[PDB]
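Enquirer: pasting the sequence and an experimental structure:
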Amino acid sequence: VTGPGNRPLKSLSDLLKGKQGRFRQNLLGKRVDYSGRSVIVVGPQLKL
Amino acid sequence: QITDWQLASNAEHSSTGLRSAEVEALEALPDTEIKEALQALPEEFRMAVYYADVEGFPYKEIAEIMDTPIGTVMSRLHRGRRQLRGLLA
Amino acid sequence: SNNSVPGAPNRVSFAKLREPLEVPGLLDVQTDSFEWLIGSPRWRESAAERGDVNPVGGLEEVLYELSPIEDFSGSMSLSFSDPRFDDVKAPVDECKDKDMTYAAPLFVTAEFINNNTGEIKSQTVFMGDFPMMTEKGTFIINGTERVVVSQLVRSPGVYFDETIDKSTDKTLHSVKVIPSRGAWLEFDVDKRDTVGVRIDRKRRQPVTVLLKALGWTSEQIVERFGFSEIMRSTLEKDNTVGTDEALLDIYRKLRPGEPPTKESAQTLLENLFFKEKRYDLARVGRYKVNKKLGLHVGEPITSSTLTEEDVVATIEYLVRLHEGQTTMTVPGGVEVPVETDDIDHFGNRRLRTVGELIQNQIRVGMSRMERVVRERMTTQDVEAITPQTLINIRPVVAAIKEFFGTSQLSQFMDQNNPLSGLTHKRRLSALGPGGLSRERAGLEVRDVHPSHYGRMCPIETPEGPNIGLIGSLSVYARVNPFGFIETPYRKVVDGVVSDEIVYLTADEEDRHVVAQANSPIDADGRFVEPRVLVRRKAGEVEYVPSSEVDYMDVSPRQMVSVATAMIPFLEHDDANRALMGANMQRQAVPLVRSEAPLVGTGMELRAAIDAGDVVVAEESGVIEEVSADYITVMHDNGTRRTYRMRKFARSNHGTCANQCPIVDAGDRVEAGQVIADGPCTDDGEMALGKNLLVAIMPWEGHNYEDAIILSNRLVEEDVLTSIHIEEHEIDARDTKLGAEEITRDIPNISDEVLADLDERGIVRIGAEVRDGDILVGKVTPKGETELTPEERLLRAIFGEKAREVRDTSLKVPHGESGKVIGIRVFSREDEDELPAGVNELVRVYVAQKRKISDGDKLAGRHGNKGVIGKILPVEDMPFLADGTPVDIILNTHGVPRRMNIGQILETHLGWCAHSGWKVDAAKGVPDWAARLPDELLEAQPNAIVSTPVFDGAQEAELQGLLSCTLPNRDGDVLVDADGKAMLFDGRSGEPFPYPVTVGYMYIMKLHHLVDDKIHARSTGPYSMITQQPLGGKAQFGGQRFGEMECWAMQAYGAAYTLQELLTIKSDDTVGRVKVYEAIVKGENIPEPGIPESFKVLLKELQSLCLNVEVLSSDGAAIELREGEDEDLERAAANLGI
Amino acid sequence: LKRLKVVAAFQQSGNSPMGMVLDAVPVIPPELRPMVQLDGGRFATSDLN
DNA sequence: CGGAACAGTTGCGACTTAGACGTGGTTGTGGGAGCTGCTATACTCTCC
RNA sequence: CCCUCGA
């Protein structure tokens, strides 16, 4: 059964399975507080 | 899937937005000034003004809970309110 | 030296070869297609030039195939003719501002005829506002500028596929009949040795079943097909005989549960294939089938549909195929080779251009209008009908709108600079409707194919998952009227190379022998060598006799795209880095000031003009008036023409489109001359970067591993600075508790922070805004229950009756700053058209000057990239003997193994261009300079030169020029014949012990910039669904700690960190708040609770009718719920009750 | 054997094959299949709705 | 820092309404788009 | 989700 664009709708089984499913995306991994990101540059003056 | 951008964009117009754990934690902290001001009130005025101005009880129900005539509720509401007005500014 | 453009800067070319053919207009792939759709007079003249078939426009063809529209009783008819376009409703920048669609009204002459009374009614009908292609080959839809990418599809025809991959190791042979519009028909010889038939995916049947059902006897098949031992074996395996049983068995396969009928099924099979309404082979398909089966030699153009003789011809071709025959002759057909077809060959692969896509949509919506007209013919009273009562145009306009809105080919235009936008219009895309799915695209579709030569650039294509699925039209390529790409070649007659030019398709190119452009020729047309490397048959490369040569390339760069043709010394770079270079040029940001490269390929001028972001004089004249706002040219006519300048305009990606006039009052200009520079142009040549002084050497580990070291001069003098313009949008709408209001009255907000707001609550033009500052104040109605008990008490005792609201004001996102350069306001109070429920809509434009900084990405044209790792004070940069500090330090270790040595060659030529040169001709012309052009025998300082791709500055020539390098102002030569110099250490003052390679290299500022990247979050918004943090910097989200990241934590065996990440940092709703509460109070972190995503998992499982319970050690289940009193008890305790 | 895996699986108590046919279909809470208003007055729903 | 007496406000509760909005009926023809350009592997079904 | 892009 397809919605707009002939895109097949995502069933209740699709929530669990797949790389984007609950297990892989929302359970074995998560987005977290107290985190950041940026581009990295070389630190040659740094201690290990 | 509903995009995170769609959720935030929807929350910009919401009655209550998307609250961080920080906001929830700070709001849950006691408000000291208000607490100490309420402490200075007599206990009767404190209960009555509490019921009315926080819980929203009618004078009938407030009188039923406090075991006084409704007139007492009116006097204590007015006087405790003016007391808090002078106390907090 | 690009002498065909007036006023073009003189750029001396190292090219030894003469290019007999000029580069065609680079937008002709767009404009030519759309001019055919409209039936423009330009297209008519070019049609008459190519010869006239009685040419019909795209719209004209749709109208003629549609006409006549007849009643099912033949009582009345409606016909369309002579479409015309009215004036444009609004100019381009008007639609961009007002969120409109650039369009023109379409009128057609509709003639209704009554077949009884003979009365005729001829009317003019308004068909809609027709979205128009701009002068730049784009469309503006709802204000946003868009590009329609040409689509790579398979042309209609017959294609045979021989698969040896069967487990039996034996070869099988397949065939597909593909129409333009219609039903699919497949024939397959079985691994079990049976000839199958599949109709629109229907299951196989013996090929004789359908042939019989077409009226064929079981004997007549044995007459034509009897020579096949496999067809003999198939007729016995055929279960039933006779036309009635065959037609009945066919109607059963199509409709699963219905009754068959003879006249229904034969009229069904007639209308399924042989009828024009439900099955259409295009003329392309007809000719391809004709040429593939050799059926019609006399070239009848009459009808395009399959024929019974086409079915017989297809089976016969397939029959002889699996047998192994190399040739076949058909009754009334001649000498066709029996062979498989290459699906990826460009003679079998077609390009659907913008005009054809739009035409297809016009045909859909037009057919819908036809359906409405038919339904209206039965209902209405004749003589009470005029055409305009029959014609409803809504489905046509809607059909056009749905295309530009929902189509993968209709695309948000990529304008980072004019080059990203130019190639975008030249893109050839294999993905889309009628194309192939990304899931179904194998590695064989993404490969360079020998038919691509001179047609699709082998270099330019994405390096991500879209590799091989997107390509660029070659510089000299055209799209022929049938959708096939052609490339010009030079006629080679009797071993002489003539100047006659012929455009050949991929099919025509296989019959001939084509010499590469690098093949040497002398003044005479004779080849220098008896053996020459050529492509001859199916893309094999061979040393070949010059005696037999048919055609020759018209130039080098003929096989290359526009962006690839701009890489100097391309021939010295490996194809991978050359790919990286082509893609990286389109990521360069326009600088506050441009600078042309000293070292070009000569393509930069013609690329900037054709891209159209530069202003060009359409007619020669004199400049009457000039300012930053506009330029007016007085023609010799006495008529004048004014050109308005785009001033600090935001592109789709946030770069700065800014035009500046390059002409002065009184100057005399010519038609085609560049009046004004665009964002990335300097004097009309594409300038994507700056010329930086470069030294190649490791420097104290800061250029370690692709990291780049910059001079702070590039910060101080704004050489890498660029302007970036953001658009912040906000609207007040209707909510559950009331309407939102844009106001300057923001509760509990200091007057100090409101100081830059105007009286409406909108920030004032010219203000300096930092993250957190209010751009637009807005309040939203808040319910009573959402007040805190403390907030409720104060509002009551103080007698505040004002509406309870929340502050929804639009604020600057984190890590952003700039000046407010613009405001747009749209109100429902006025007539401004807004979406349902939206009272007021405000846009605020902020502009930021971005100085180059650590973490920005720079690149050269050779694929050499890196972040800036350090910017140093100009003093400790290494410097030359005359005191000049170098601009940029590139690490030596990163050059050689990347196999892009052009970056070195360029650097050598960049220095010679910078300092100028004079070769010593006193004794005569040196041998190394003997082939140089006389204009390159000397050069003044800062000379701009072009080294075209595949005809460049040779190694020896570059080496000789390094000797004659001019001195500096002191007469000192700073760079030796090896291209190296002695440098001083800026920090210690000591000279570096060995000569370092130094020169001038062209470096671009790429659109990956730290300011858009750096992000950090303590806590923030969470998804209402999964109760995890949001994601993306725009939403102030958190970083994803994924599966592989958790493996690392488990591998370290750190349990508390992994549990902390997956509970109180993300999911656990009470824990995340109790944790923040503990840090502020300086206490220990609480023990984590249950992640919300697990409770969510249980609920999704229950919804699958799985009964899941978490059991205690008792064996009894556990309710997952929270006591609601704890929060109320704390809130009541906070008030002292 | 393959059949006995299934039948023997259903042989244990507390587990009946009747559950393989539903007279009632459960409905997941709305927060897990939400509906959000969009810029332009339109709405977006999970496919589940 | 009570208990009546007395005089200003929401606020629930009816009812008229004018328009969106869904209903009557419903009678010549008239059967969709889209695709299929993925590879490789295990294993039940199902034709024989 | 899709388009397109970065490592």
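Expert: Great, that's in hand. Numbers count the residues shown, from 1 in each chain, chains lettered A, B, ... in the order given.
Enquirer: contacts and neighbour counts: CA atoms only from here.
Expert: Fine.
Enquirer: so what's the residue count around the closest residue to chain B within chain A?
Expert: Closest to chain B within chain A is residue A:10: 9.0 Å, counting by CA to the nearest CA. Counted with other CA atoms under 10 Å in any protein chain shown, the neighbours of residue A:10 add up to 15.
Enquirer: nearest residue to it other than its sequence neighbours?
Expert: Nearest non-adjacent residue to residue A:10, counting by CA to CA, 6 or more residues apart in numbering or on different chains: residue D:47, 6.0 Å away.
Enquirer: who are the contact partners of the one you found?
Expert: The contact partners of residue D:47, by CA atoms under 8 Å, 6 or more residues apart in numbering or on different chains, come to A:9, A:10, A:11.
Enquirer: now do the same for it: helix, strand or coil?
Expert: Put simply, residue D:47 is coil when judged by DSSP: H, G, I helix; E, B strand; the rest coil.
Enquirer: got the residues of chain A near chain D?
Expert: Residues of chain A that fall close to chain D, judged by CA under 8 Å from any CA of the partner chain: A:9, A:10, A:11, A:12.
Enquirer: now render these as JSON lines, adding secondary structure.
Expert: Output for the residues of chain A next to chain D, formatted as JSON lines (three-state DSSP):
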{"residue": "A:9", "secondary structure": "coil"}
{"residue": "A:10", "secondary structure": "coil"}
{"residue": "A:11", "secondary structure": "coil"}
{"residue": "A:12", "secondary structure": "helix"}
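Enquirer: next, give me the two most distant ones among those.
Expert: Within these, A:9 and A:12 form the most distant pair, 9.9 Å apart (CA to CA).
Enquirer: who touches both of the two?
Expert: Here residue A:9 and residue A:12 have residue D:48 as joint contacts, going by CA under 8 Å, 6+ apart.
Enquirer: OK, contacts around residue 22?
Expert: Just going to use chain A. Here residue A:22 is in contact with A:15, A:16, C:1097 (CA under 8 Å, 6+ apart).
Enquirer: which phi and psi does it have?
Expert: Here is the backbone geometry of residue A:22 (degrees, to the nearest 10): phi -60, psi -50.
Enquirer: near DNA strand E, which residues of chain B?
Expert: Within chain B, the positions lying close to DNA strand E (CA under 7 Å from any atom of the strand) are B:42, B:44-45, B:68-69, B:71-72, B:74-76, B:79-80, B:83.
Enquirer: redo that, cut-off 10 Å
Expert: Residues of chain B found near DNA strand E (CA under 10 Å from any atom of the strand) are B:41-45, B:48, B:63, B:66-84.
Enquirer: please, a PyMOL command that selects the buried ones among these?
Expert: To isolate the buried ones among the residues of chain B next to DNA strand E in PyMOL, judged by 16 or more other CA atoms under 10 Å in any protein chain shown, type:
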select buried, chain B and resi 41+45+48+63+66+70+72+73+76+77+80+81+83+84
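Enquirer: so for chain D, the centremost residue is which one?
Expert: Nearest to the geometric centre of chain D sits residue D:26, at 6.4 Å (CA atoms, centre = their mean).
Enquirer: nearest residue to that one other than its sequence neighbours?
Expert: Per CA to CA, 6+ apart, closest to residue D:26 is residue C:1103, 5.4 Å.
Enquirer: and the most far-flung residue of chain D relative to its centre, how far is that from residue C:145?
Expert: Distance from the centre of chain D peaks at residue D:40, with 33.3 Å (CA atoms, centre = their mean). Between residue D:40 and residue C:145 the computed distance is 19 Å (CA to CA, to the nearest Å).
Enquirer: also residue C:855?
Expert: According to CA to CA, residue C:855 and residue C:145 sit 31 Å apart.
Enquirer: can you list the residue ranges for helices in chain D?
Expert: D:2-11 (DSSP state H).
Enquirer: which parts of it sit against chain C?
Expert: Checking chain D against chain C by CA under 8 Å from any CA, the hits are D:25, D:26, D:27, D:28, D:31, D:32, D:33, D:34, D:40, D:41.
Enquirer: re earlier: settle this for me: the residue nearest to residue D:26 is touching residue D:24, isn't it.
Expert: No: the pair residue C:1103 / residue D:24 is not scored as a contact, 11.0 Å apart, by CA atoms under 8 Å.
Enquirer: out of the two, which sits in the busier spot?
Expert: It is residue C:1103, of residue C:1103 and residue D:24, that has more neighbours when counted by other CA under 10 Å, with 17 against 7.
Enquirer: report the contact partners of that one.
Expert: Contacts of residue C:1103 (CA under 8 Å, 6+ apart): A:12, D:25, D:26, D:27, D:28.
Enquirer: touching stretch C:254-262 from outside, list them.
Expert: Contacts of stretch C:254-262 (CA under 8 Å, 6+ apart): C:202, C:244, C:247, C:248, C:251, C:252.
Enquirer: ok so the fourth one is a helix residue?
Expert: Yes: using three-state DSSP, the assignment for residue C:248 is a helix.
Enquirer: for chain B, see how far away it is.
Expert: 47 Å (CA to the nearest CA, to the nearest Å).
Enquirer: now do the second one
Expert: Counting by CA to the nearest CA, the separation of residue C:244 from chain B is 53 Å.
Enquirer: which secondary structure element is home to that residue?
Expert: helix C:243-254 (DSSP states H and E).
Enquirer: ok, the strand or helix carrying residue C:641: who's next to it in the sheet?
Expert: Assigned by DSSP H and E, residue C:641 belongs to strand C:640-644. Paired neighbours of strand C:640-644 in the sheet (DSSP bridges): strand C:630-635 (antiparallel).
Enquirer: contacts for the strand it pairs with next, please.
Expert: Residues from elsewhere that reach strand C:630-635, judged by CA under 8 Å, 6+ apart: C:619-626, C:640-645, C:661.
Enquirer: not counting its neighbours along the chain, what's nearest residue C:798?
Expert: Ranked by CA to CA, 6+ apart and with sequence neighbours excluded, the top spatial neighbour of residue C:798 is residue B:85, at 6.6 Å.
Enquirer: and whichever strand or helix holds the one you found, what does it pack against?
Expert: Here residue B:85 sits within helix B:70-87, counting by DSSP H and E. In this structure, helix B:70-87 makes packing contacts with helix B:32-40, helix B:43-50, helix B:59-66, helix C:789-797, judged by 3 or more CA pairs under 8 Å, 6 or more residues apart in numbering or on different chains; DSSP states H and E.
Enquirer: what does it contact?
Expert: Counting by CA under 8 Å, 6+ apart, B:37-38, B:41, B:44-46, B:48-49, B:52, B:59-60, B:62-63, C:797-798 sit against helix B:70-87.
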